[PDB]
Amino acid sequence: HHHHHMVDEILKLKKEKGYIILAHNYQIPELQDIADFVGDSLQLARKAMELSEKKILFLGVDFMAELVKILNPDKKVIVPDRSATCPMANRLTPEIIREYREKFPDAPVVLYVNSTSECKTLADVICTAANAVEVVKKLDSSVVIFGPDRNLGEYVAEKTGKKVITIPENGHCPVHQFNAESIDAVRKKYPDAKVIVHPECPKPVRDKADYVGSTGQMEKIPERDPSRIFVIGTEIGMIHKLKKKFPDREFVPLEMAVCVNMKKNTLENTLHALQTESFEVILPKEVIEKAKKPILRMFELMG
């Protein structure tokens, strides 16, 4: 097959040129399979910090590769599609952050890791879907500014009991807007299945689910839940990751959900990336120094 030629050439070039391939959980299965590591954005960035290699091929979207770069400034990070981006992250702007800082100067700015690097330079702390509840609990203030996802922010408020001011207006991920009627229909079909949905899902979806977790948390649930069948309310790429990790279980998509920007990465342009060793992720040194502060603040709170 043309794919078998591509995979062979990819593995050949990545060994010859000293590249470690890091793929996000939402990449196509063919790219997850040729990666050295598959995980969420913070997992991949922290994994890179342990590598002796100085070259990384990242398969995801731009804020994730930049996150790798921020925590690994001396490594060459390349991406195969430089336009792979996150529309939810791009809806939050420096102007909106400063507008709300001025309206509420006592409320720390908590920025979901899903954010532009420029916005990260303006945050008081960064958080992931997994650690957002704990990060906000540990902050002194009972009021926080949170962005750029309103559903994760409102979930944090439910769990912490703190006041969470979300920016921008209607900040959301289109991939996770499942219908709660899909949970009703799937519990009829699989009455003993466990339903796991992302915290980015709307509240009626989260409230009808057995678990609410990020992708990193979804793949630890079968370690403590013996259920044969799990229904997954996140992007379709996680089904492949889950089935590969727990082949003795069945994983059913709540609905078919595809992030188009995640699907911009293919075998073809991944091969092109290794052939040309482009496109390198470059940030201004000042952006790296500034964005590190809210990231280090998150490590300190979590540890």
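We number the residues from 1 along the sequence you see.
Per-stretch averaging of Cα B factors for 168-176 and 199-207 places 168-176 on top. Annotation for 65-73 versus 51-59: the higher mean temperature factor (C-alpha) is found in 51-59.
Remark: of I295, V287, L22, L11, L11 shows the highest value [criterion: C-alpha B-factor in the PDB entry]. Based on the entry's C-alpha B-factors, the most elevated value among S83, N90, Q217, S117 belongs to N90. The entry lists a Cα temperature factor for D192 that places it in the highest third of the chain's modelled residues.
Compared with the other modelled residues of the chain, the Cα B-factor recorded for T121 ranks in the lowest third.
Per the deposited record, the Cα B-factor of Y100 falls in the middle third when ranked against the other modelled residues of its chain. For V109, the recorded CA B-factor ranks within the lowest third of the chain. Only modelled residues enter the ranking. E235: CA B factor lies in the lowest third for its chain, per the PDB record.
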